[PDB]
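**Q** mmCIF, N, CA and C atoms and all ligand atoms, file work.cif:
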data_run
#
loop_
_atom_site.label_atom_id
_atom_site.label_comp_id
_atom_site.auth_asym_id
_atom_site.auth_seq_id
_atom_site.Cartn_x
_atom_site.Cartn_y
_atom_site.Cartn_z
N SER A 7 0.82 -1.21 0.00
CA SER A 7 0.00 0.00 0.00
C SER A 7 0.85 1.26 0.00
N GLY A 8 0.25 2.40 -0.37
CA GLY A 8 0.93 3.69 -0.37
C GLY A 8 0.39 4.63 -1.43
N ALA A 9 0.53 5.91 -1.21
CA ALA A 9 0.03 6.92 -2.13
C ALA A 9 1.00 8.11 -2.18
N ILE A 10 0.85 8.96 -3.23
CA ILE A 10 1.53 10.24 -3.37
C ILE A 10 0.48 11.32 -3.15
N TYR A 11 0.76 12.28 -2.26
CA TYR A 11 -0.16 13.40 -2.00
C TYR A 11 0.44 14.69 -2.48
N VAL A 12 -0.03 15.25 -3.61
CA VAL A 12 0.54 16.46 -4.20
C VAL A 12 -0.60 17.42 -4.52
N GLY A 13 -0.57 18.63 -3.94
CA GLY A 13 -1.63 19.61 -4.15
C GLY A 13 -2.96 19.04 -3.67
N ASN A 14 -3.97 19.09 -4.53
CA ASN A 14 -5.26 18.51 -4.17
C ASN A 14 -5.48 17.16 -4.86
N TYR A 15 -4.38 16.38 -5.03
CA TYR A 15 -4.46 15.07 -5.68
C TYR A 15 -3.83 13.98 -4.80
N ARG A 16 -4.36 12.76 -4.92
CA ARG A 16 -3.87 11.53 -4.31
C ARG A 16 -3.60 10.57 -5.51
N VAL A 17 -2.35 10.10 -5.65
CA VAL A 17 -1.97 9.17 -6.71
C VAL A 17 -1.78 7.79 -6.08
N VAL A 18 -2.52 6.80 -6.56
CA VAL A 18 -2.42 5.44 -6.00
C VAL A 18 -2.30 4.44 -7.16
N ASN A 19 -1.95 3.16 -6.83
CA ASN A 19 -2.00 2.11 -7.86
C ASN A 19 -3.47 1.92 -8.19
N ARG A 20 -3.81 1.88 -9.50
CA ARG A 20 -5.22 1.71 -9.87
C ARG A 20 -5.83 0.44 -9.24
N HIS A 21 -5.04 -0.65 -9.17
CA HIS A 21 -5.60 -1.91 -8.65
C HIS A 21 -5.88 -1.89 -7.15
N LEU A 22 -5.36 -0.87 -6.44
CA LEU A 22 -5.58 -0.71 -5.00
C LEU A 22 -6.51 0.47 -4.66
N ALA A 23 -7.05 1.17 -5.68
CA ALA A 23 -7.92 2.31 -5.46
C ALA A 23 -9.17 1.89 -4.65
N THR A 24 -9.57 2.75 -3.72
CA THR A 24 -10.72 2.47 -2.85
C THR A 24 -12.02 2.98 -3.47
N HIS A 25 -13.19 2.68 -2.83
CA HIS A 25 -14.46 3.24 -3.32
C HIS A 25 -14.40 4.77 -3.33
N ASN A 26 -13.78 5.35 -2.28
CA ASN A 26 -13.66 6.79 -2.20
C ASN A 26 -12.78 7.36 -3.32
N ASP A 27 -11.67 6.69 -3.67
CA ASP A 27 -10.84 7.14 -4.81
C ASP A 27 -11.68 7.23 -6.09
N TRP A 28 -12.51 6.18 -6.34
CA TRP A 28 -13.33 6.15 -7.56
C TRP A 28 -14.46 7.18 -7.52
N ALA A 29 -14.99 7.50 -6.33
CA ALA A 29 -16.02 8.55 -6.21
C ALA A 29 -15.47 9.97 -6.42
N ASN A 30 -14.15 10.14 -6.25
CA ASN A 30 -13.50 11.43 -6.43
C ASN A 30 -12.48 11.34 -7.58
N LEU A 31 -12.80 10.53 -8.62
CA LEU A 31 -11.89 10.29 -9.74
C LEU A 31 -11.53 11.53 -10.53
N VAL A 32 -10.21 11.72 -10.79
CA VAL A 32 -9.72 12.79 -11.66
C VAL A 32 -9.27 12.17 -13.01
N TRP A 33 -8.50 11.08 -12.91
CA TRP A 33 -7.93 10.42 -14.09
C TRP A 33 -7.49 9.00 -13.71
N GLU A 34 -7.62 8.07 -14.64
CA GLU A 34 -7.11 6.71 -14.40
C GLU A 34 -6.66 6.11 -15.71
N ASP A 35 -5.69 5.19 -15.64
CA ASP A 35 -5.19 4.55 -16.85
C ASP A 35 -4.79 3.12 -16.50
N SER A 36 -5.62 2.15 -16.95
CA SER A 36 -5.39 0.75 -16.67
C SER A 36 -4.02 0.29 -17.23
N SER A 37 -3.64 0.82 -18.41
CA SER A 37 -2.37 0.43 -19.02
C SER A 37 -1.17 0.90 -18.20
N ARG A 38 -1.35 1.88 -17.30
CA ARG A 38 -0.22 2.36 -16.46
C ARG A 38 -0.35 1.87 -14.99
N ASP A 39 -1.48 1.24 -14.63
CA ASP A 39 -1.77 0.90 -13.23
C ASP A 39 -1.83 2.14 -12.33
N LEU A 40 -2.29 3.28 -12.89
CA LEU A 40 -2.41 4.50 -12.07
C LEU A 40 -3.85 5.02 -11.95
N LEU A 41 -4.15 5.64 -10.80
CA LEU A 41 -5.41 6.33 -10.62
C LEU A 41 -5.10 7.55 -9.76
N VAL A 42 -5.69 8.68 -10.14
CA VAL A 42 -5.55 9.93 -9.36
C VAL A 42 -6.97 10.39 -8.90
N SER A 43 -7.09 10.69 -7.61
CA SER A 43 -8.36 11.17 -7.06
C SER A 43 -8.14 12.56 -6.42
N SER A 44 -9.24 13.32 -6.22
CA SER A 44 -9.13 14.64 -5.60
C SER A 44 -9.21 14.54 -4.06
N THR A 45 -8.55 15.48 -3.37
CA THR A 45 -8.54 15.52 -1.90
C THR A 45 -9.03 16.91 -1.43
N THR A 46 -9.45 17.01 -0.17
CA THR A 46 -9.86 18.29 0.41
C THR A 46 -8.64 18.98 1.06
N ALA A 47 -7.70 18.19 1.61
CA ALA A 47 -6.51 18.74 2.25
C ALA A 47 -5.36 18.86 1.24
N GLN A 48 -4.45 19.80 1.47
CA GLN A 48 -3.28 20.04 0.62
C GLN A 48 -2.21 18.98 0.92
N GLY A 49 -1.67 18.33 -0.10
CA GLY A 49 -0.70 17.25 0.09
C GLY A 49 0.74 17.57 0.47
N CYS A 50 1.41 16.57 1.09
CA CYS A 50 2.76 16.60 1.62
C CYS A 50 3.95 16.51 0.57
N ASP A 51 3.74 15.99 -0.66
CA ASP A 51 4.81 15.63 -1.64
C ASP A 51 5.14 16.65 -2.84
N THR A 52 6.40 16.54 -3.45
CA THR A 52 6.98 17.25 -4.62
C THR A 52 7.23 16.19 -5.73
N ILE A 53 6.83 16.43 -6.99
CA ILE A 53 7.09 15.49 -8.08
C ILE A 53 8.40 15.87 -8.78
N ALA A 54 9.27 14.90 -9.01
CA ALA A 54 10.51 15.13 -9.75
C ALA A 54 10.17 15.42 -11.22
N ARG A 55 10.92 16.37 -11.84
CA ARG A 55 10.75 16.66 -13.27
C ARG A 55 12.19 16.56 -13.81
N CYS A 56 12.56 15.35 -14.25
CA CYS A 56 13.96 15.04 -14.54
C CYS A 56 14.06 13.71 -15.34
N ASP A 57 15.31 13.30 -15.68
CA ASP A 57 15.55 12.01 -16.33
C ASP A 57 16.45 11.12 -15.48
N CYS A 58 16.42 11.27 -14.13
CA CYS A 58 17.20 10.37 -13.27
C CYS A 58 16.90 8.91 -13.55
N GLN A 59 17.94 8.07 -13.47
CA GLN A 59 17.82 6.62 -13.54
C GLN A 59 18.37 5.94 -12.31
N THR A 60 18.56 6.72 -11.19
CA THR A 60 18.95 6.16 -9.89
C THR A 60 18.07 6.88 -8.86
N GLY A 61 17.79 6.18 -7.79
CA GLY A 61 17.01 6.74 -6.69
C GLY A 61 16.89 5.74 -5.57
N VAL A 62 15.93 5.98 -4.67
CA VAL A 62 15.76 5.13 -3.49
C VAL A 62 14.27 4.84 -3.40
N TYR A 63 13.92 3.58 -3.09
CA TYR A 63 12.49 3.25 -2.90
C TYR A 63 12.24 2.66 -1.52
N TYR A 64 10.98 2.79 -1.06
CA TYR A 64 10.59 2.19 0.20
C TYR A 64 9.97 0.80 -0.04
N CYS A 65 10.51 -0.22 0.67
CA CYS A 65 10.05 -1.60 0.55
C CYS A 65 9.37 -2.01 1.86
N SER A 66 8.03 -2.01 1.86
CA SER A 66 7.29 -2.32 3.09
C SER A 66 7.53 -3.72 3.63
N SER A 67 7.76 -4.70 2.73
CA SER A 67 8.02 -6.08 3.17
C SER A 67 9.38 -6.29 3.84
N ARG A 68 10.21 -5.23 3.89
CA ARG A 68 11.47 -5.25 4.61
C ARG A 68 11.56 -4.09 5.62
N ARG A 69 10.56 -3.18 5.67
CA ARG A 69 10.62 -1.95 6.48
C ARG A 69 11.94 -1.20 6.21
N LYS A 70 12.31 -1.09 4.93
CA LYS A 70 13.61 -0.49 4.60
C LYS A 70 13.56 0.24 3.30
N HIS A 71 14.48 1.17 3.12
CA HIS A 71 14.65 1.84 1.84
C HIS A 71 15.89 1.27 1.15
N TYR A 72 15.80 1.08 -0.18
CA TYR A 72 16.93 0.53 -0.94
C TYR A 72 17.28 1.46 -2.12
N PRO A 73 18.57 1.63 -2.40
CA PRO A 73 18.97 2.39 -3.60
C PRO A 73 18.83 1.48 -4.85
N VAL A 74 18.46 2.06 -5.98
CA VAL A 74 18.28 1.30 -7.22
C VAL A 74 18.74 2.06 -8.42
N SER A 75 19.16 1.31 -9.47
CA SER A 75 19.34 1.86 -10.81
C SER A 75 18.09 1.32 -11.57
N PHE A 76 17.38 2.16 -12.32
CA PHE A 76 16.14 1.72 -12.98
C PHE A 76 16.12 2.13 -14.45
N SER A 77 15.44 1.30 -15.30
CA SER A 77 15.34 1.59 -16.73
C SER A 77 14.41 2.77 -17.00
N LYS A 78 14.52 3.37 -18.21
CA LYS A 78 13.64 4.48 -18.60
C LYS A 78 12.21 3.95 -18.72
N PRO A 79 11.19 4.82 -18.54
CA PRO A 79 9.80 4.33 -18.64
C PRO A 79 9.54 3.70 -20.02
N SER A 80 8.96 2.51 -20.02
CA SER A 80 8.76 1.80 -21.29
C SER A 80 7.58 0.85 -21.20
N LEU A 81 7.24 0.21 -22.36
CA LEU A 81 6.13 -0.73 -22.43
C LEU A 81 6.73 -2.10 -22.12
N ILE A 82 6.26 -2.75 -21.04
CA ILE A 82 6.83 -4.00 -20.54
C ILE A 82 5.73 -5.01 -20.35
N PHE A 83 5.96 -6.27 -20.80
CA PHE A 83 4.95 -7.31 -20.64
C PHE A 83 4.79 -7.68 -19.16
N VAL A 84 3.52 -7.75 -18.68
CA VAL A 84 3.21 -8.11 -17.30
C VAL A 84 2.24 -9.28 -17.34
N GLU A 85 2.60 -10.38 -16.65
CA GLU A 85 1.80 -11.60 -16.59
C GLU A 85 0.42 -11.32 -15.98
N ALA A 86 -0.57 -12.19 -16.32
CA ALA A 86 -1.91 -12.06 -15.77
C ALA A 86 -1.88 -12.16 -14.24
N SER A 87 -2.73 -11.40 -13.57
CA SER A 87 -2.85 -11.44 -12.11
C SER A 87 -4.37 -11.45 -11.82
N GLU A 88 -4.76 -11.37 -10.53
CA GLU A 88 -6.19 -11.29 -10.21
C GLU A 88 -6.78 -9.94 -10.61
N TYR A 89 -5.91 -8.92 -10.86
CA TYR A 89 -6.35 -7.57 -11.15
C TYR A 89 -6.39 -7.23 -12.62
N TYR A 90 -5.58 -7.91 -13.44
CA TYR A 90 -5.54 -7.60 -14.87
C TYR A 90 -5.23 -8.83 -15.68
N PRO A 91 -5.75 -8.90 -16.92
CA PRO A 91 -5.31 -9.98 -17.83
C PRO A 91 -3.85 -9.72 -18.23
N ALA A 92 -3.20 -10.71 -18.90
CA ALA A 92 -1.83 -10.52 -19.40
C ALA A 92 -1.84 -9.33 -20.40
N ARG A 93 -0.95 -8.34 -20.20
CA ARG A 93 -0.96 -7.15 -21.07
C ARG A 93 0.41 -6.45 -21.08
N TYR A 94 0.58 -5.39 -21.89
CA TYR A 94 1.78 -4.56 -21.81
C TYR A 94 1.41 -3.40 -20.90
N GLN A 95 2.23 -3.16 -19.88
CA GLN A 95 2.01 -2.01 -19.00
C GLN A 95 2.96 -0.91 -19.48
N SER A 96 2.43 0.28 -19.76
CA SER A 96 3.25 1.38 -20.24
C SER A 96 3.81 2.22 -19.09
N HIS A 97 4.84 3.06 -19.41
CA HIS A 97 5.46 3.99 -18.45
C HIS A 97 6.00 3.24 -17.24
N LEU A 98 6.49 2.00 -17.45
CA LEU A 98 6.99 1.18 -16.34
C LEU A 98 8.53 1.15 -16.36
N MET A 99 9.14 1.23 -15.15
CA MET A 99 10.61 1.24 -15.04
C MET A 99 11.01 0.06 -14.18
N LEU A 100 11.98 -0.75 -14.62
CA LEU A 100 12.36 -1.92 -13.83
C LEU A 100 13.70 -1.70 -13.14
N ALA A 101 13.87 -2.36 -12.00
CA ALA A 101 15.14 -2.34 -11.29
C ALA A 101 15.35 -3.68 -10.60
N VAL A 102 16.60 -3.99 -10.24
CA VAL A 102 16.88 -5.18 -9.44
C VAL A 102 16.67 -4.78 -7.96
N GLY A 103 15.76 -5.50 -7.31
CA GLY A 103 15.46 -5.23 -5.91
C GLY A 103 14.31 -6.11 -5.45
N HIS A 104 14.12 -6.16 -4.12
CA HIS A 104 13.09 -6.96 -3.52
C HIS A 104 11.71 -6.32 -3.59
N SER A 105 10.70 -7.11 -3.97
CA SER A 105 9.33 -6.67 -3.93
C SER A 105 8.44 -7.91 -3.84
N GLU A 106 7.38 -7.75 -3.10
CA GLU A 106 6.32 -8.69 -2.89
C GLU A 106 5.02 -7.97 -3.19
N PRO A 107 3.94 -8.76 -3.47
CA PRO A 107 2.62 -8.14 -3.48
C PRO A 107 2.40 -7.78 -1.98
N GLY A 108 2.02 -6.55 -1.88
CA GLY A 108 1.84 -5.75 -0.68
C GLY A 108 2.78 -4.55 -0.77
N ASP A 109 3.94 -4.69 -1.50
CA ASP A 109 4.85 -3.56 -1.64
C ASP A 109 4.37 -2.47 -2.60
N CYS A 110 3.32 -2.75 -3.38
CA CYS A 110 2.80 -1.74 -4.34
C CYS A 110 2.39 -0.48 -3.60
N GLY A 111 2.76 0.66 -4.16
CA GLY A 111 2.46 1.93 -3.51
C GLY A 111 3.68 2.57 -2.85
N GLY A 112 4.74 1.79 -2.59
CA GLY A 112 5.98 2.36 -2.05
C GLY A 112 6.57 3.40 -2.99
N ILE A 113 7.01 4.52 -2.45
CA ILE A 113 7.53 5.60 -3.28
C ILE A 113 8.97 5.39 -3.70
N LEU A 114 9.27 5.73 -4.95
CA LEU A 114 10.64 5.82 -5.49
C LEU A 114 10.92 7.31 -5.61
N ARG A 115 12.07 7.78 -5.02
CA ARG A 115 12.44 9.20 -5.06
C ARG A 115 13.87 9.32 -5.53
N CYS A 116 14.12 10.43 -6.19
CA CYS A 116 15.51 10.83 -6.52
C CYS A 116 15.75 12.17 -5.78
N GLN A 117 16.92 12.84 -5.99
CA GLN A 117 17.20 14.12 -5.34
C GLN A 117 16.22 15.25 -5.73
N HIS A 118 15.41 15.06 -6.80
CA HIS A 118 14.46 16.10 -7.28
C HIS A 118 13.04 15.94 -6.74
N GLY A 119 12.74 14.78 -6.17
CA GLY A 119 11.40 14.53 -5.67
C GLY A 119 10.89 13.14 -6.00
N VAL A 120 9.58 12.99 -5.97
CA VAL A 120 8.94 11.69 -6.24
C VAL A 120 9.02 11.34 -7.70
N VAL A 121 9.50 10.15 -7.99
CA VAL A 121 9.61 9.63 -9.36
C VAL A 121 8.40 8.74 -9.75
N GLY A 122 8.01 7.86 -8.82
CA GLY A 122 6.89 6.97 -9.10
C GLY A 122 6.62 6.04 -7.95
N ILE A 123 5.74 5.04 -8.18
CA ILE A 123 5.37 4.10 -7.11
C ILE A 123 5.57 2.66 -7.54
N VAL A 124 5.86 1.76 -6.58
CA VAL A 124 6.00 0.32 -6.91
C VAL A 124 4.68 -0.18 -7.50
N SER A 125 4.76 -0.90 -8.64
CA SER A 125 3.58 -1.42 -9.32
C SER A 125 3.72 -2.90 -9.69
N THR A 126 4.96 -3.39 -9.92
CA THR A 126 5.14 -4.82 -10.26
C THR A 126 6.37 -5.39 -9.49
N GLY A 127 6.57 -6.71 -9.56
CA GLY A 127 7.74 -7.31 -8.96
C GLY A 127 7.83 -8.79 -9.21
N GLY A 128 8.68 -9.42 -8.44
CA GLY A 128 8.91 -10.86 -8.45
C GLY A 128 10.29 -11.16 -8.99
N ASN A 129 10.81 -12.34 -8.68
CA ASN A 129 12.09 -12.82 -9.20
C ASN A 129 13.31 -11.91 -8.94
N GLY A 130 13.32 -11.11 -7.86
CA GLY A 130 14.44 -10.21 -7.61
C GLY A 130 14.36 -8.92 -8.42
N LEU A 131 13.20 -8.65 -9.00
CA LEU A 131 12.95 -7.42 -9.75
C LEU A 131 11.89 -6.58 -9.04
N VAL A 132 11.90 -5.27 -9.32
CA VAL A 132 10.84 -4.41 -8.83
C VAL A 132 10.51 -3.41 -9.97
N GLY A 133 9.23 -3.22 -10.20
CA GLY A 133 8.80 -2.29 -11.25
C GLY A 133 8.07 -1.10 -10.67
N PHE A 134 8.32 0.09 -11.22
CA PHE A 134 7.74 1.34 -10.74
C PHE A 134 6.97 2.02 -11.87
N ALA A 135 5.73 2.43 -11.54
CA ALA A 135 4.93 3.24 -12.44
C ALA A 135 5.45 4.67 -12.36
N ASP A 136 5.90 5.21 -13.49
CA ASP A 136 6.44 6.57 -13.53
C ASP A 136 5.32 7.60 -13.43
N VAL A 137 5.59 8.73 -12.70
CA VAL A 137 4.62 9.82 -12.67
C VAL A 137 5.23 11.14 -13.15
N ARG A 138 6.53 11.17 -13.54
CA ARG A 138 7.19 12.43 -13.89
C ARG A 138 6.65 13.14 -15.09
N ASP A 139 5.96 12.39 -15.98
CA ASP A 139 5.40 13.02 -17.17
C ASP A 139 4.04 13.68 -16.91
N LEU A 140 3.43 13.47 -15.74
CA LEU A 140 2.08 14.01 -15.43
C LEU A 140 2.21 15.43 -14.93
N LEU A 141 2.45 16.36 -15.88
CA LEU A 141 2.76 17.74 -15.49
C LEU A 141 1.64 18.47 -14.76
N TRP A 142 0.38 18.05 -15.04
CA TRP A 142 -0.81 18.64 -14.44
C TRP A 142 -0.91 18.38 -12.93
N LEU A 143 -0.13 17.42 -12.38
CA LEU A 143 -0.19 17.14 -10.94
C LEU A 143 0.18 18.37 -10.10
N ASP A 144 1.01 19.29 -10.64
CA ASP A 144 1.38 20.49 -9.89
C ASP A 144 1.21 21.78 -10.67
N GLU A 145 0.39 21.76 -11.75
CA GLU A 145 0.17 22.93 -12.60
C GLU A 145 -0.94 23.77 -11.98
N1 LIG B 1 -0.21 -5.38 -13.21
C1 LIG B 1 0.40 -4.83 -12.18
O1 LIG B 1 0.86 -3.68 -12.20
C2 LIG B 1 0.53 -5.69 -10.94
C3 LIG B 1 -0.83 -5.96 -10.27
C4 LIG B 1 -0.67 -6.73 -8.96
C5 LIG B 1 0.15 -8.00 -9.18
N2 LIG B 1 1.40 -7.72 -9.91
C6 LIG B 1 2.64 -7.92 -9.44
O2 LIG B 1 3.63 -7.81 -10.14
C7 LIG B 1 2.72 -8.18 -7.95
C8 LIG B 1 4.06 -8.70 -7.51
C9 LIG B 1 4.36 -10.05 -7.68
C10 LIG B 1 5.48 -10.60 -7.08
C11 LIG B 1 6.31 -9.78 -6.36
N3 LIG B 1 6.10 -8.46 -6.22
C12 LIG B 1 4.99 -7.91 -6.76
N4 LIG B 1 4.76 -6.62 -6.50
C13 LIG B 1 1.21 -7.03 -11.20
ZN ZN B 2 15.75 13.33 -10.45
#
Produce structure tokens that represent the structure in this file.
**A**
Amino acid sequence: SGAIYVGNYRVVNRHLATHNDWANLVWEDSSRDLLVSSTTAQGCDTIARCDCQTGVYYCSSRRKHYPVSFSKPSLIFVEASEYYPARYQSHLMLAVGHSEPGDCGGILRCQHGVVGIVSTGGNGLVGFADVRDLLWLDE
């Protein structure tokens, strides 16, 4: 679990969005595993606007943060799960690191701010849904 709180927006993994997230829907994209909902309170976070390929993510299944090198956002095949059929997930960045289901929502940050959230994993890999291209989050 986990979310990004920026301005009057909450960014979560689409597959973990609550009834309240869907009742206050701003934008969602199944191909990216992202959903953004509106909030009444002003959020705690800054979004990175950069091309960093290194940063640090929070791994809830270890209660720890780990440094990672990650690929540029791209279209990557993701196996079928209970939440989606087998498909290509876009804007996804992979890195070598620990992740379990439950780790989705952990933030990846670089020195400029929030880069994205954990969205996929397994086999010693961790995948992050990129948010740096969503310029409207702080416009
Ligand atoms: N389609 C998606 O974005 C995900 C939906 C939930 C299930 N998916 C995983 O990759 C979970 C996972 C498996 C094993 C270790 N770590 C993990 N985070 C795919
Ligand atoms: Zn950066």
**Q** List every protein, DNA or RNA residue that has an atom no more than 9 Å from (5.0, 11.6, -17.3) in the file's coordinate frame, counting only C-alpha atoms, and report them as a list in words.
**A**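 Within 9 Å of (5.0, 11.6, -17.3), the protein and nucleic acid residues are residues 55, 79, 97, 136, 137, 138, 139, 140 and 141 of chain A.
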**Q** Please provide the set of residues having any atom within 6 Å of residue 110 in chain A, restricted to all atoms listed in the file, with same-chain residues fewer than 4 positions apart removed, written as a PyMOL selection string.
**A** chain A and resi 7-8+106+123-125
**Q** Quick one, how far is CA of residue 36 in chain A from atom C of residue 67 in chain A?
**A**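 Distance between the two atoms: 26.2 Å.
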**Q** Restricting the calculation to only N, CA and C atoms and all ligand atoms: of A:32, A:86, A:116, A:47, which residue gets closest to ligand ZN 2 (chain B)?
**A** A:116
**Q** Using all atoms listed in the file, which protein or nucleic acid residues are at most 7 Å from ligand LIG 1 (chain B), as a ChimeraX atom specification?
**A** /A:21,38-39,84-90,104-110,124-129,131-133
**Q** Between A:121, A:53, A:31, A:113, which one has atoms that come closest to residue 9 in chain A, using only C-alpha atoms?
**A**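 Smallest distance to residue 9 in chain A is found for A:113.
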**Q** Kindly assemble as CSV a list of the chain A residues that lie within 7 Å of ligand ZN 2 (chain B), each paired with its nearest atom pair and their distance in Å to one decimal, using only N, CA and C atoms and all ligand atoms, sorted first by chain and then by ascending residue number.
**A**
residue,atom,partner,partner_atom,distance
A:54,CA,B:ZN2,ZN,5.6
A:55,C,B:ZN2,ZN,5.9
A:56,CA,B:ZN2,ZN,4.8
A:57,N,B:ZN2,ZN,5.2
A:58,N,B:ZN2,ZN,4.3
A:59,N,B:ZN2,ZN,6.4
A:115,C,B:ZN2,ZN,6.6
A:116,CA,B:ZN2,ZN,4.7
A:117,N,B:ZN2,ZN,4.6
A:118,N,B:ZN2,ZN,4.1
A:119,N,B:ZN2,ZN,5.4
**Q** Which of range 46-130 of chain A counts as strand (DSSP E or B) under DSSP, as a PyMOL selection string please?
**A** chain A and resi 53+60-65+70-76+80-84+93-102+113-116+119-128
**Q** If I take atom N of residue 26 in chain A and CA of residue 71 in chain A, how far is one from the other in Å, to one decimal?
**A**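 Computing it gives 28.9 Å between the two atoms.
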